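Right, I'll just put the structure down here and ask away after.
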């Protein structure tokens, strides 16, 4: 399948080269997979979600996304126009308040929730969780992410936006999850992206167009925008049967575009998420 005039990051994930504008992907499109977006919520009513999104949990007075961040991230996973996996099911877990903030104990509860809740959902092609969030190092937060991954969920987490080594941030620093850095449309490391040995992969993160609250769209930047590219890619590849939740980070790294990014510090992988789709 080909989507013309796609956001640059979608085109990038299906290309061996920067500078193109059409996204190519197998029409299965993540059907039968599920992606949890653990964030500020999801505006499931947005026409871009086509009924495939729903809120499943909140720790606040509403399940609505009063911020936009979680809606944007969910859009990059699975919206019709802005998403990688255009037929996946999206499940929102609101662990962050409408200012984008949340306590670690709430974040941990939300990860444990997903590990159980997937047993209440139909996801025959597998389960992914996208965590576009983080703070300072916490062994408890890392352990929650490790348990979620161990339970059979492909956990993708943002590296962070400190232009620093991700070892000092959680859940970025958890070894067993997929830690995602950001790149720009010219194949540069995004200026804010964290780096380090703990990174597994980069994805598009500078100037990413996606859904926003109020039925709208906007372009924003962050490792929070790179993460859902990778989460959606995982869901897509799991529907294709190419990999599994336990192995998908490794598979994505094995099949990535290698050595194409600039300003990658020595000792950080130079790997850009790539679907290897051949029409």
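By the numbers in Swiss-Prot, the shown part of chain A spans 106-384.
If you're wondering, the header gives X-ray crystallography, 1.0 Å.
For all residues, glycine too, the Cβ spot is worked out from N, Cα and C.
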According to Swiss-Prot, 280, 282 bind Ca(2+) 1; which one of 270, 292, 305 is annotated to that same site?
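Of the residues offered, the record points to 305.
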Which residues, sitting 6 or more apart from residue 121 (Ca(2+) 2 binding site) on the same chain, put a CB under 8 Å from its CB?
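The answer is 362, 379.
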Note down the number of other Cβ atoms within 10 Å of the Cβ of residue 305 (Ca(2+) 1 binding site), including every protein chain shown.
22
Any idea what the Cα distance is from residue 329 (active site, charge relay system) over to residue 174 (active site, charge relay system), rounded to a whole Å?
9
